[PDB]
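I have placed the structure first, in the form of structure tokens, so that the comments after it can refer back to it.
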Amino acid sequence: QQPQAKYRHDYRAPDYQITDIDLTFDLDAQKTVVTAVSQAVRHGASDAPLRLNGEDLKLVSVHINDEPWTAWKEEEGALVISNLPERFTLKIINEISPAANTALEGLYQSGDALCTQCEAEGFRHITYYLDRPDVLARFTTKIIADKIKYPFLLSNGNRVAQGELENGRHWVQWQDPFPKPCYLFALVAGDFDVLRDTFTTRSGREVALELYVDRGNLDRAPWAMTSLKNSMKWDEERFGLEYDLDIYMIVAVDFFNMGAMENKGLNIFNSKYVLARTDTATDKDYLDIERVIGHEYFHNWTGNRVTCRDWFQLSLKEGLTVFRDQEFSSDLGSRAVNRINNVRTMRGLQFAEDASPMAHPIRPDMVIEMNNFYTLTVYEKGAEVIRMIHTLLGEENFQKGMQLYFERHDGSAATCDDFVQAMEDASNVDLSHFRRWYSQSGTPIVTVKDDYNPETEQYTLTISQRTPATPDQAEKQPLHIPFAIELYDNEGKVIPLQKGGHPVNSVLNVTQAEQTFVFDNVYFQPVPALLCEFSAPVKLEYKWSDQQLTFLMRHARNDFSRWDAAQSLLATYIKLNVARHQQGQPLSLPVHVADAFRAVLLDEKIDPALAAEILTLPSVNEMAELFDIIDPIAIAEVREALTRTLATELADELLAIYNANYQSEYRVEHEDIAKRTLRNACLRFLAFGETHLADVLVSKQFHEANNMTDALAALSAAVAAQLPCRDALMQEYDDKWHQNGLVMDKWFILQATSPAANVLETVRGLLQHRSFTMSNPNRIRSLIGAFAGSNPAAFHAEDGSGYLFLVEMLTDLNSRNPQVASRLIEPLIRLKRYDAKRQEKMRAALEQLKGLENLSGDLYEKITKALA
Ligand SMILES: [NH3+][C@H]1CCc2ccccc2CC1(O)O
Ligand SMILES: [Cl-]
Ligand SMILES: [Cl-]
Ligand SMILES: [Cl-]
Ligand code: NA
Ligand code: NA
Ligand code: NA
Ligand code: NA
Ligand code: NA
Ligand code: NA
Ligand code: NA
Ligand code: NA
Ligand SMILES: [Zn+2]
């Protein structure tokens, strides 16, 4: 039988705590023997049994105070031990098999290395334990292994003992002084190259930094090391937080379901978020390494020193740590580009989740499989909620709140409500209504109407809000929405906001279903900028004229507003042209719209970083969110037609800006990255110029590129525009790079997202490619996941072939690696957003999956919601 849902309202403090655990691993890939000696204390009723979680363990023995115990039973997922004293020593010996662990949860093999992933509930795959994050224990870990195969034996904390044994084995013992929940346990065993460096904290603590990579990869490690030092310095400067241990280890592994993991003092990272060299990694890879290194470092305080009482509180650490990583990237780099791209993710991907059958509040109320809740909502919307607190409080108050949060909760497992209370108490800002953001799912819609009264020189905004019902929640209530505005006069000058002789804050508190805001001394009919810096995670309904939007593109003070105005301008014409496509009619675009983009190209005063984003059209997933019923073929074809029309109308300006932004030196420096992003944004359109001009330009860039950013931009353009050189360039890239999986992932993505008519045949054939394997999550995501999630036009082919392909892949992955399967099923659970014929085929696919033998809980949860 499938597992039953668990509910946030059922939280109960544990009947037993474990204060200290001494682990011994006698390591082997086929068989590992685990000995766990735990010091336990009863907190609950004297007759309560100890209920330990365990999965796929071979129990060898149970002792209580060294007495072999008879009062125990194994049940599904558990070991239940009765008749215990109030305080006692529990000793469990059990066996596990890392080589059999294809799910990559618990202790498993990554190539020749052994490594762990314990979040959320993986430690119970290692031993029988209280695998819940409000149980905080001091760990000591002894690792015994063959010395030749496993010369490095790592766990959390500091090395406290080591020895050698007969028959070529050796051992190391680690001690981590900070009590932790078991999801933060890590173990690594293998042979590695190690990059070693040092960071000295502002108070003088010297921290040894160690980055473990596969042999031969040292020259790909310096950027990650530099980013770790940058993260440590920034957390000191911005948050006043120092690292708290003596060593900081990071291990890069090739086989990893997640991007990275914040295990205390021993982070484990997917190699994608560590390894970089300029010929193999793009600017985006460099900035993603920076943000993920930062994210995991920032968890040391927001997640580790203060952890989560229960898994429904996941956003307590994830929303806050994502906010921290965004602030880090934004401070060091381009704040406008960071904000823009985070808003693209919110509007184009998280909004889709929040109206889907999987919709949940950032603090869920009901979960079947927790590892399904590591979501865009919990992370990205979670961060938007933190950012709204920051908007309401300001930086100084926000940092006072952080300080009070740590003062109260350091060394504990806390709740979202605890965090909000700390912010409220430190700042004196009332967040009682604001708390509804934690409990209500769905995207609010904010509708704005305006009126300018020339007789009284008053401007009035009438603002309404509503959240449509979602499948998880029938009751919706108004939220406390921080709604930032700016008003512009006819010369683009800001109009001071005031009423009754007093200044009015530009962040309006939209707290009611409907309310009005009156501003006086408004000497001219304003052009408003609304929802500035995306001040709340909402859909905005305001009846813009095209002229208001092009005005904002020329005059708005914040770069984000200029980009956002361009998005609103495009939205009207994307919608127009999708409707036209459905009636067989070609693209129609007023001249004045093309001219707004011409002006961006020719404006010497605009930051190239901003111009590049304005000249990057919304993705097909961003476009889908504009529509009640998604027509993925119309969207894809309109996106191409819009690209072609702009390429034709702007051909001379695009080429001039492309050439003007040429850089002979390659540097991973923000100003250079911006110029390159602008040059390559122009290239996307130039690829749709006259076929031969485009073919020459694109092939030249590919062959002359001195860095992977420019080479991949050219290759992507050859695929997108189906240029003559495409097949030759794609083969050259394969021949050069086939032994490098991270580099080939880029090529698999291009294959999977190709506009070619035969894309599915190509994708299917690539299941046999020398660089592809179903054993590697990165390869799976880059080929299969990109097809289903990033090529909706082909995934939603009207013959249903895309659904049948995904069913085949999920039939394999349901058994092999359910976490990856559950990420890959997401496109099918969006069926109610599609036309009836597509829904019928998608339902049939889901019903096939529902009937699988040994259906994983991961997929069961999503399938059940989708078929309801
Ligand atoms: N705590 C981990 C959990 C794994 C995971 C899943 C989804 C996005 C990011 C991450 C990285 C993380 O650091 O947040
Ligand atoms: Cl073995
Ligand atoms: Cl590696
Ligand atoms: Cl700005
Ligand atoms: Na004892
Ligand atoms: Na910055
Ligand atoms: Na589970
Ligand atoms: Na997981
Ligand atoms: Na009006
Ligand atoms: Na208006
Ligand atoms: Na302001
Ligand atoms: Na292969
Ligand atoms: Zn995280």
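The table for this structure:
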item: Lone qualifier among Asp472, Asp450, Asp425, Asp430 - being in contact with a strand residue (DSSP E or B) (Cβ under 9 Å, 6 or more places away or on another chain), away from ligand 1 (no atom under 16 Å from the Cβ) and over 19 Å from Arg8 (Cβ atoms); result: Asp450
item: In region 22-38, the residues that are among the acidic types (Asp, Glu) and closer than 15 Å to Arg124 by Cα; result: none
item: Hits in region 531-562 - residues which are among the aromatic types (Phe, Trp, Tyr) and within 16 Å of ligand 4 (Cβ to nearest atom); result: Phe534, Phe560
item: Helices (runs of 4 or more DSSP H) contained in region 363-465 and holding at least 3 residues of a type in the set (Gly, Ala, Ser) and more than 30 Å from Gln548 (Cα to Cα); result: 382-409, 416-427
item: Selection status of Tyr459, among the hydroxyl-bearing types (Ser, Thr, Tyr) and either closer than 30 Å to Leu831 by Cα or more than 16 Å from ligand 11 (Cβ to nearest atom) (or both); result: yes
item: Filtered residues of region 549-564 (kept if among the aliphatic types (A, V, I, L, M) and within 14 Å of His592 (Cβ to Cβ)); result: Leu549, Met553
item: So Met232, is it within 19 Å of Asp325 (Cα to Cα) and within 16 Å of ligand 13 (Cβ to nearest atom); result: no
item: Which numbered condition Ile485 fails, given (1) outside any loop (DSSP other than H, G, I, E, B); (2) under 34 Å from the mean Cα position of the chain (by Cα); (3) within 16 Å of ligand 9 (Cβ to nearest atom); (4) under 21 Å from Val600 (Cβ atoms); result: (4)
item: Subset of region 578-622 (residues that are among the β-branched types (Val, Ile, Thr) and part of a helix (DSSP H, G or I)); result: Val578, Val591, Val593, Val600, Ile614, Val620
item: Test: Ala836 is surrounded by fewer than 20 Cβ atoms within 10 Å (Cβ to Cβ) and assigned by CATH to the domain that holds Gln582; result: yes
item: The listed residue being assigned to a helix (DSSP H, G or I), crowded, with 20+ Cβ neighbours inside 10 Å and among the aromatic types (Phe, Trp, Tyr), out of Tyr297, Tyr243; result: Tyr297
item: Which listed residue is surrounded by fewer than 22 Cβ atoms within 10 Å (Cβ to Cβ) and either within 14 Å of ligand 13 (Cβ to nearest atom) or part of a helix (DSSP H, G or I) (or both), from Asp325, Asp331; result: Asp331
item: For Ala48: the one exception among (1) surrounded by fewer than 16 Cβ atoms within 10 Å (Cβ to Cβ); (2) among the aliphatic types (A, V, I, L, M); (3) farther than 30 Å from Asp365 by Cβ; result: (3)
item: Check on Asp235, under 24 Å from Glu206 (Cβ atoms) and part of a helix (DSSP H, G or I); result: yes
item: Residues within region 443-483 that are acidic (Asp, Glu) and in contact with a helix residue (DSSP H, G or I) (Cβ under 9 Å, 6 or more places away or on another chain), tallied; result: 1
item: Enumeration of residues in region 216-232 that are free of Cβ contacts under 8 Å to residues at least 24 places away in the same chain and part of a loop (DSSP other than H, G, I, E, B); result: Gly216
item: The one condition in (1) free of Cβ contacts under 8 Å to residues at least 40 places away in the same chain; (2) under 29 Å from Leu404 (Cβ atoms); (3) buried (at least 18 other Cβ atoms within 10 Å of the Cβ) that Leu195 fails to fulfil; result: (2)
item: Number of the exception - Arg277 against (1) within 16 Å of ligand 3 (Cβ to nearest atom); (2) surrounded by fewer than 24 Cβ atoms within 10 Å (Cβ to Cβ); (3) part of a helix (DSSP H, G or I); result: (3)
item: Scan of region 63-114 for residues that are hydroxyl-bearing (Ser, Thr, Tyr) and under 20 Å from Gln819 (Cβ atoms), ordered by number; result: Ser97, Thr102, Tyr108, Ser110
item: Residue, surrounded by the most Cβ atoms within 10 Å (Cβ to Cβ), within region 543-567, restricted to residues that are closer than 22 Å to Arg639 by Cα and in contact with a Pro (Cβ under 9 Å, 6 or more places away or on another chain); result: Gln567
item: Residue tally, condition polar (S, T, N, Q) and either free of Cβ contacts under 8 Å to residues at least 60 places away in the same chain or surrounded by fewer than 19 Cβ atoms within 10 Å (Cβ to Cβ) (or both), over region 595-622; result: 2
item: Any hit, region 346-365, residues being more than 16 Å from ligand 5 (Cβ to nearest atom), over 18 Å from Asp134 (Cα atoms), in contact with a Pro (Cβ under 9 Å, 6 or more places away or on another chain) and among the β-branched types (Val, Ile, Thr); result: no
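Matching residues to (1) outside any loop (DSSP other than H, G, I, E, B); (2) in contact with a helix residue (DSSP H, G or I) (Cβ under 8 Å, 6 or more places away or on another chain):
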site: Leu760; (1), (2): yes, yes
site: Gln768; (1), (2): no, no
site: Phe772; (1), (2): no, yes
site: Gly785; (1), (2): yes, yes
site: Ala788; (1), (2): yes, yes
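Quick grid of which residues meet (1) within 16 Å of ligand 3 (Cβ to nearest atom); (2) under 29 Å from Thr415 (Cα atoms):
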| position | (1), (2) |
| --- | --- |
| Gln4 | no, yes |
| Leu27 | no, no |
| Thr32 | no, no |
| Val41 | no, yes |
| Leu57 | no, no |
| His63 | no, no |
| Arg87 | no, yes |
| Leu114 | yes, no |
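One line per residue, one yes/no per condition, for (1) exposed (fewer than 15 other Cβ atoms within 10 Å of the Cβ); (2) of a type outside the set (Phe, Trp, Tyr):
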{"position": "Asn397", "(1), (2)": "no, yes"}
{"position": "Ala413", "(1), (2)": "no, yes"}
{"position": "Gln421", "(1), (2)": "no, yes"}
{"position": "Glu424", "(1), (2)": "no, yes"}
{"position": "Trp437", "(1), (2)": "no, no"}
{"position": "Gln440", "(1), (2)": "no, yes"}
{"position": "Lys449", "(1), (2)": "yes, yes"}
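Virtual Cβ from ideal backbone geometry, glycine too; neighbours counted across all protein chains shown. The values are calculated or read from the model by the stated rules, or taken from the named source; none is laboratory data.
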